[PDB]
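Asker: Build the 3D model from these lines:
(7 chains)
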Amino acid sequence: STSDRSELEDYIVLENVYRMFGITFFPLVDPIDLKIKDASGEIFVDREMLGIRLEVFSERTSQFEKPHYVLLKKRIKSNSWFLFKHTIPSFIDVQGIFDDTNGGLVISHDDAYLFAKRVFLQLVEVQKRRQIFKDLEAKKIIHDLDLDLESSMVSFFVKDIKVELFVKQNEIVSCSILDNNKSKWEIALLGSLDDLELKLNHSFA
Amino acid sequence: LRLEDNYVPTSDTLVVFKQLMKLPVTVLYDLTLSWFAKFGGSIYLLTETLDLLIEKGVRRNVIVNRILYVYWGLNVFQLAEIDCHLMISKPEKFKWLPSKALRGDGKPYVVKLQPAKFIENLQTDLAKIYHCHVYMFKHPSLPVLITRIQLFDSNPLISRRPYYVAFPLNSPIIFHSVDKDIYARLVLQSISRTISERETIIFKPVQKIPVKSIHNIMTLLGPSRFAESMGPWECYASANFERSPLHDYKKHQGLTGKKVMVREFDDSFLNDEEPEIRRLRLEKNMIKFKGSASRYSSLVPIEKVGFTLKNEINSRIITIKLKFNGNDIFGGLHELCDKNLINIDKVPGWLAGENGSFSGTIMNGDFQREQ
Amino acid sequence: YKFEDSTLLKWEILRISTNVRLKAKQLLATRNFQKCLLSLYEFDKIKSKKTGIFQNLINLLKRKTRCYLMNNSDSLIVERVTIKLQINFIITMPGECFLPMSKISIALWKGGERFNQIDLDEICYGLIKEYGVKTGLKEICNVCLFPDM
Amino acid sequence: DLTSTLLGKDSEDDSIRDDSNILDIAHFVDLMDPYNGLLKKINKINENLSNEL
Amino acid sequence: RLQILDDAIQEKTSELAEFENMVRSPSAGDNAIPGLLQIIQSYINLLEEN
Amino acid sequence: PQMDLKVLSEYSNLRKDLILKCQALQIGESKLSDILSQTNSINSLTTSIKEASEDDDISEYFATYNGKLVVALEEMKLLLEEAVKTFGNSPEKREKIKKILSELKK
Amino acid sequence: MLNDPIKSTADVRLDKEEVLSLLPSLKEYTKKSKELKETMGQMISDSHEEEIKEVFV
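Answerer: Residues are numbered from 1 along each chain as shown, chains lettered A, B, ... in the order given. Next comes the structure:
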């Protein structure tokens, strides 16, 4: 098994270059419903299962993070998937998004791919929201800070002022300055998230 | 009439002695320093007195007489700090009960609260009804917020049982301590009114059976990767089976291959040596009841579980009602399977341990919880 | 690769078929290749869906009135009697969300001059919101016909 | 109101919001492309015609 | 907020005004356009002959 | 909502003013996003031609654009004349026409 | 990404003159866009892009 070993190595590196995309559909089987048809001794699967492998790639550490998995199981009497056992943390709402896609019923594979892409966009948004504040810390423009699990509410320090931020999807909505120039500085930093990185050098120069 | 920290209640001294005797010496030193920095009574001159006392290796009794007889109850804030540090120290004494936070159509609402402005709002909402005092800190290990809500009554002020409400940081599930009196409903309803501030939130309870510790309820129903898998799917909550695509291919499960055992599918269990096969059988039981590979207890100990299996044979709804009990249910079930009493080929997923601490029915092969 | 302590150090581009190269020129400087692969795949999917929608509309409107495409494929203009209808479909690659978001706007002409844009934007927004994409455009060309109702 | 004002009984003079400039910019940048363009379209044809015989 | 939005719009329209002078080319290319059209007609005749 | 009637008129005037404020805010935000996309496309074009030329002669590129196009179509007309007076076949000429169609089509 | 309409004002119409005077730089952007489209159309009509696009296929 040498030529087959090289063929399997090419298969594994092809699995790797497909897995670098981020949204892959790995096959799966639940080991309880492996029923035997008793016609020839062979084994057929009763209820099909299809596993989604979400995988967000970071940029600061330049490595792949821990991949989150979603598992879908076909219902027994409807030919539509229902969300069996997902691993996404609960601040990203998963069941409501699965009810929202295609009116609740998911039949084809690309219909599941749309749901996987929506959850993927949410995860990459959370990851970039964490990364931009972590690199603002690593550039030493800000002092010690605290992050939430989703990086939607953070509180950092500047040279004099304690600043609280409540940020929505990749753009800042509510700010807080605490320690008539304070209101101007408050509304000035509002906006995008890289605009915060630009405007912090506008007031700390 | 919202009571501030400088007010002192009227409680028995010996029960505070019994509570403060359940703490080590360094947390007592930190408590004395913080209380003397905030309140004082009877600067740095009295600090070296305790610095020399802890250097000599004194017992806890003389230092607890020191703290109870330089302040002589202490105040409401000191009692809150004592009880909350006791909660941090021994977590096995309490009993939590989870509850979701719904709004509008039914979509869940993340709380995203801030510890500063929430406390005065909760206190000014509660003070229009009873005498109250709140206290909120952050757990040092787990990323949650524990809020201790204490209430009083007038026959000076007779204290009540302290009510705890544990907020996780980014989850729509809020734990509260198990009670059913009218004060518990008042505190939970007041929190449900004051946490919102933009659009109204309601608290539908997701469970009826209490669970023991805060690490257990955090791993079960907080923001975590183990929040839904919890059973034979525990491998996907830790990802110990795959590596990144930037890893080596020589150390890959596709290339190395895992040692497996041929399953049996005929009824060859009711008719009843080779230690490699014995080790593989124990590995099979470890796979089915847990993740990949003490030694019987699961990740989370579950107290009480009641199932219901409503199958359907020849258009007849045939119900059975399983009920369980004990300290850790699925660990004891894995132990009973380990003694070759339960055929692991026919153990379904809901019995195996998945959707843990959820006592619900089954209608045609898919679990659903109970209200 | 780093191939142990798994890290990407260097990645670059060898050669591109010169069809999206100017559009990819802005996106391929972000140094995040996952966004690059997913944005290229989503661009291919969105462009195939757009040319399918326009082929459907031309195959359903080539009988009664005239039709012709425009700049590359980004907008479609039909005419009648005269009265002209212009529908726009612009695919914007991201730069300085990260998926290539599309834009749909319509514009009318009564022969004399262009109509107001606010009411047409509100009407096409509500009609796409209520019917859809493959059905909303058929309804909007049926209401810009207006021979009977 | 639209079906009334079409047949029985609009105009545009000021633009607070429009779409008639970004596609003109797009047509300009595909005309002036040094990568695919239209001038580079001819530059591949005569290279192919030189390789045709 | 409207003032800082107007400042950003003024900055972007000054960038657009700086770009707009790089594209103006006053030339007599209408005769060159007529020569291009005549050569296109000759190429169309040679293609129709092919 | 909407409503000493002079201060009531002043309140309704201020309400209409703030409604116009948030209306103009939304309009300006959407228009600023459109302008930012337009100038991003313009910056992509200018950086592409600066990478292609590598001589900082963008104005000379635009001014001599019609000259490059006219010498290109002159070479194209000479190549068409050479293909008309040199090949004179039915398979090679049709293959050259199909190659020209596949090149100038898309 | 649709052309999103303006938020509901409860019977307060979109007075375009008042909000246009509120953002006076938009007229400058309008005349700059008119000059840019004029110059680009002059560049397009000289290049015979539609002519060579229609004579070929």
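Asker: burial measure for residue 41, as a count.
Answerer: Chain wasn't specified; assuming chain A. Using other C-beta atoms under 10 Å in any protein chain shown, residue A:41 has 9 neighbouring residues. Every residue, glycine included, has its C-beta placed from N, CA and C.
Asker: not quite, I wanted chain G
Answerer: Using other C-beta under 10 Å, residue G:41 has 13 other residues around it.
Asker: For it, which three-state class applies?
Answerer: Judged by DSSP: H, G, I helix; E, B strand; the rest coil, the three-state class of residue G:41 is helix.
Asker: and chain C, which residues reach chain A?
Answerer: Near chain A, the residues belonging to chain C are C:6-9, C:31-34, C:37-38, C:41, C:96-99 when assessed by C-beta under 8 Å from any C-beta of the partner chain.
Asker: Tell me who's in contact with the spatially most central residue of chain E.
Answerer: Central residue check for chain E by C-alpha atoms, centre = their mean: the C-alpha nearest the mean position is that of residue E:23, 6.8 Å away. Under the criterion of C-beta atoms under 8 Å, 6 or more residues apart in numbering or on different chains, the contact list for residue E:23 reads F:62, G:36, G:39, G:40, G:43.
Asker: From these, list the ones also adjacent to chain D.
Answerer: Intersecting those with the contacts of chain D gives F:62, G:36, G:40, G:43 (criterion: C-beta under 8 Å from any C-beta).
Asker: Return the nearest residue of chain A with respect to chain E.
Answerer: residue A:187 (6.0 Å; C-beta to the nearest C-beta).
Asker: And chain F, is the strand or helix carrying that residue touching that?
Answerer: Under the criterion DSSP states H and E, the helix or strand holding residue A:187 is helix A:181-188. No. Interface with chain F: helix A:181-188 contributes nothing (C-beta under 8 Å from any C-beta), its closest point being 12.0 Å away.
Asker: And the next helix or strand past that helix?
Answerer: Helix A:181-188 is succeeded, C-terminally, by strand A:191-192 (DSSP H and E).
Asker: returning to that earlier point: wait, the residue of chain A closest to chain E touches residue E:1, no?
Answerer: Yes. Applying C-beta atoms under 8 Å, one finds residue A:187 in contact with residue E:1, separated by 6.0 Å.
Asker: Check the burial of the residue in chain C positioned nearest to chain E by counting its neighbours.
Answerer: Residue of chain C nearest chain E, by C-beta to the nearest C-beta: residue C:96 (13.3 Å). Residue C:96 sits with 10 neighbouring residues when counted by other C-beta under 10 Å.
Asker: if I pick it, what's in contact with it?
Answerer: For residue C:96, the contacting residues are A:194, F:40, by C-beta under 8 Å, 6+ apart.
Asker: between the contacts of residue E:23, which is closest to chain D?
Answerer: Minimum separation from chain D among the contacts of residue E:23 (C-beta to the nearest C-beta) is found for residue G:40, which lies at 4.8 Å.
Asker: how far away is the closest one from residue D:36?
Answerer: Note on residue G:40: its distance to residue D:36, by C-beta to C-beta, to the nearest Å, is 19 Å.
Asker: got it, and residue D:11?
Answerer: In this structure, residue D:11 lies at 39 Å from residue D:36, with C-beta to C-beta as the measure.
Asker: which of those two has more neighbours?
Answerer: Taking other C-beta under 10 Å, residue D:11 and residue D:36 do not tie; residue D:36 has more neighbours (18 against 9).
Asker: Skip the chain neighbours and tell me the closest residue to the more buried one.
Answerer: The spatial neighbour of residue D:36 that comes closest, neighbours along the chain excluded (C-beta to C-beta, 6 or more residues apart in numbering or on different chains), is residue C:18 at 4.6 Å.
Asker: what about that neighbour, neighbour count?
Answerer: That count, for residue C:18 with other C-beta under 10 Å as the rule, works out to 14.
Asker: Hmm, residue D:41 and it touching each other?
Answerer: No. Look at residue C:18 against residue D:41 with C-beta under 8 Å: they stay out of range, at 9.9 Å.
Asker: Top of the contacts of residue E:23 by number of neighbours, please.
Answerer: Highest neighbour count within these, by other C-beta under 10 Å: residue G:36, with 22 neighbours.
Asker: ok so that one is a helix residue?
Answerer: Yes. According to three-state DSSP, the state of residue G:36 is that of a helix.
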